[PDB]
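K.L.:
This is the structure I want to talk about, given as structure tokens.
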Amino acid sequence: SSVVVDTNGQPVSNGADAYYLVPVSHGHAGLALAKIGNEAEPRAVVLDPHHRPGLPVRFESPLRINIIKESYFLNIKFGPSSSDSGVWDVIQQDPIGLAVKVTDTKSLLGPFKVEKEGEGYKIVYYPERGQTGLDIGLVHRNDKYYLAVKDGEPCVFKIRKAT
Amino acid sequence: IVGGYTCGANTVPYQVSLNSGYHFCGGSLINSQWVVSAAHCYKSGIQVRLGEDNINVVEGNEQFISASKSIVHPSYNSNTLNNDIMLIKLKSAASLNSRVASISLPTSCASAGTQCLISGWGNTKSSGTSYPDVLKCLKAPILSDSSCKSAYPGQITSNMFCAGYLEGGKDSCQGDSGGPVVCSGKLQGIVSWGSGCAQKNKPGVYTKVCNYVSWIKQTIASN
């Protein structure tokens, strides 16, 4: 029921604005793209020290309200607002596991919710909407931090408005 | 409002805005002390603003009345968007005048093709964002339920109806939620949700007010 907000105290807009995800435990890490296995194009989302400020995201809910709540099912996407590229998804992939990846399709109701955690916010993945959720944490590999399912060990974010 | 026109100051006397320092949802004034809106517009400490045409200027005929009770429909489902309706009781009765009038509850549900009026301060563009200062209006017809279920598979409940234009270009959008859908002088719909705004084969979906008329009366009577 609580509103998701930015660092300036303003409620997160619905698709309208992009926001940087600034981790509290990785001050020098921004959202970025990397390859996992034998992929030609980078489709996995990582926290990369070689990328500050990281890639900003947009929060989209089909509800025609201008703010984002904890209880809304959300799509998270890179790039422009109405585009279908850069949409986040969870895909079983070795050796990381339940890795956050990008696709070019946009479901009507996304599998993500933004929930309060510690001093900030966590991205919670629900395989389907009614279910129990899985916190997205970090899998340490290749001198970068792959965002992935790590229930009990959430990755904590601040949400910084793109300006 | 995408593809609409400027209403005018006195033209939508039942339109209200839900505020907590900023505008986030629309609403409908149904009597002197009660406003209806969407369930997902629920917020703590809602302040209700009546009689606005320009939201960014204190035009003078406005009244800011704080909510006394914000009652979401008890069957509201945060996962399925069904039962998307909320009641807001004002702490004091609103004064009716040229810019402030109540809209009456519907007697029956409207049938496909009925011409309806949708209003709100939402986005005017299907891609990107642009928020107007003055209230915007749009005429749009109710669509048949068979085409409605085809547009949004598995998501259309018995308490919802589609409205708009299958071509696109004319639709409600983010920021209109909770606002009125008026047909024949009756509050028939509440703007709820849709896939993007004004996209082809992605019409607006609106809560079917007529299913809740007894509950509205029971809730107003009980409180």
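The listed protein sequences correspond, in order, to chains AB and AA. Quick note, the first sequence lines up with residues 1 to 163 if you use PDB author numbering. Quick note, the second sequence lines up with residues 16 to 238 if you use PDB author numbering. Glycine included, C-beta positions come from ideal geometry on N, C-alpha and C.
1. Excluding the five sequence neighbours on either side, which residues of its own chain have a C-beta within less than 7 Å of the C-beta of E77/AA, listed in chain order?
2. Span of the beta strand (DSSP E) holding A178/AA?
3. Output, in sequence order along the chain, the residues in the segment 59-77 of chain AB whose CB is closer than 9 Å to any CB in chain AA.
4. Would you say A18/AB faces chain AA, with C-beta separation under 8 Å as the test?
5. Excluding the five sequence neighbours on either side, which residues of its own chain have a C-beta within less than 6 Å of the C-beta of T7/AB, listed in chain order?
6. If we cut at 8 Å on Cβ distances, does residue 251/AA have a partner in chain AB?
7. Can you tell me where the alpha helix (DSSP H) with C40/AA in it begins and where it stops?
8. Just how far apart, CA to CA, sit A34/AB and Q92/AB?
9. Anything in the segment 97-114 of chain AB with a Cβ closer than 7 Å to a Cβ of chain AA? List those residues in chain order, please.
10. Just the Cα atoms here: how many angstroms apart are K215/AA and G183/AA?
11. Distance check for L47/AB and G54/AB, CA to CA, integer angstroms please.
12. Can you check the segment 41-119 of chain AB for any beta strand (DSSP E) of at least 3 residues that lies completely inside it and give the ranges in chain order?
13. Near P23/AB, which residues of its chain fall below 6 Å by C-beta distance, leaving aside the five closest residues on each side in sequence?
14. Apply the 10 Å Cβ neighbour rule to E128/AB and answer buried if 16 or more other Cβ atoms are within range, or exposed otherwise.
15. Tell me, which residues are paired with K223/AA by DSSP?
16. From the DSSP output, read off the bridge partner residues of residue 282/AA.
17. Note down, in chain order, each residue of its chain lying with its Cβ closer than 8 Å to the Cβ of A116/AA, except the 5 sequence neighbours on either side.
18. According to DSSP, what are the bridge partners of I103/AA?
19. Check the DSSP bridge columns for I136/AB and list the partner residues they point to.
20. Which residues, taken in chain order from the segment 11-40 of chain AB, show a beta carbon closer than 9 Å to some beta carbon of chain AA?
21. Out of curiosity, what's the CA-to-CA distance linking residue 281/AA and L181/AA?
22. Roughly how many angstroms separate the alpha carbons of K151/AA and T21/AA, rounded to a whole number?
23. Listed from N- to C-terminal order along the chain, which residues in the segment 128-147 of chain AB have their beta-carbon within a distance smaller than 8 Å of any beta-carbon of chain AA?
24. Might you give, ordered along the chain, the residues of its own chain that have their beta carbon closer than 6 Å to the beta carbon of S85/AB, omitting 5 neighbours on each side?
25. Which residue comes first and which comes last in the alpha helix (DSSP H) that contains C188/AA?
26. Should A108/AA be labelled buried (16 or more other beta-carbon atoms within 10 Å of its own) or exposed?
P.N.:
On the basis of the supplied data:
1. When the five nearest sequence neighbours on each side are left out, the beta carbons in the same chain lying within less than 7 Å of the beta carbon of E77/AA are those of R64, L65, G66 and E67, in order along the chain.
2. Here the beta strand (DSSP E) through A178/AA covers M175 to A178.
3. Within the segment 59-77 of chain AB, the qualifying residues are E60, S61, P62, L63, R64, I65, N66, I67, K69, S71, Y72 and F73.
4. False, the Cβ-Cβ gap to chain AA never drops below 8 Å.
5. Only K158 and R160 meet the Cβ criterion.
6. Examination of residue 251/AA is not possible in this model, given that chain AA is present from 16 through 238 alone.
7. Per DSSP, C40/AA belongs to no alpha helix (DSSP H); it is in the beta strand (DSSP E), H38 to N46.
8. Going by the C-alpha atoms only, they are around 16 Å apart.
9. From the segment 97-114 of chain AB, only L108 have a Cβ closer than 7 Å to chain AA.
10. In this structure, the straight-line span from the alpha carbon of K215/AA to that of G183/AA is close to 5 Å.
11. Straight-line Cα distance between these residues: approximately 8 Å.
12. Listed in chain order, the complete beta strand (DSSP E) runs (minimum 3 residues) inside the segment 41-119 of chain AB are 44-48, 57-60, 75-77, 87-93, 97-103 and 112-117.
13. Leaving aside the five residues that flank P23/AB on each side, the residues in its chain whose CB is nearer than 6 Å to its CB run, in chain order, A29 and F157.
14. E128/AB should be labelled exposed.
15. Residue pairing from DSSP places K223/AA in a beta bridge opposite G204/AA.
16. Shown here, chain AA extends from 16 to 238; a query on residue 282/AA therefore has no answer.
17. Same-chain partners within the cutoff: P28, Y29 and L44.
18. Per the DSSP secondary-structure output, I103/AA pairs in a beta bridge with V50/AA and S85/AA.
19. According to DSSP, which records beta bridges pairwise, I136/AB is partnered with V149/AB.
20. Per Cβ criterion, the list reads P11, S13, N14, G15, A16 and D17.
21. The structure shown does not extend to residue 281/AA, since chain AA is modelled only from 16 to 238, so the question has no answer here.
22. Note on geometry: alpha-carbon atoms of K151/AA and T21/AA lie some 5 Å from one another.
23. Here the close residues are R129 and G130.
24. Here the set comprises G79 and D104.
25. Counting along the chain, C188/AA falls outside any alpha helix (DSSP H), and DSSP gives it neither H nor E.
26. Only exposed fits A108/AA, as fewer than 16 other CB atoms lie within 10 angstroms of its CB.
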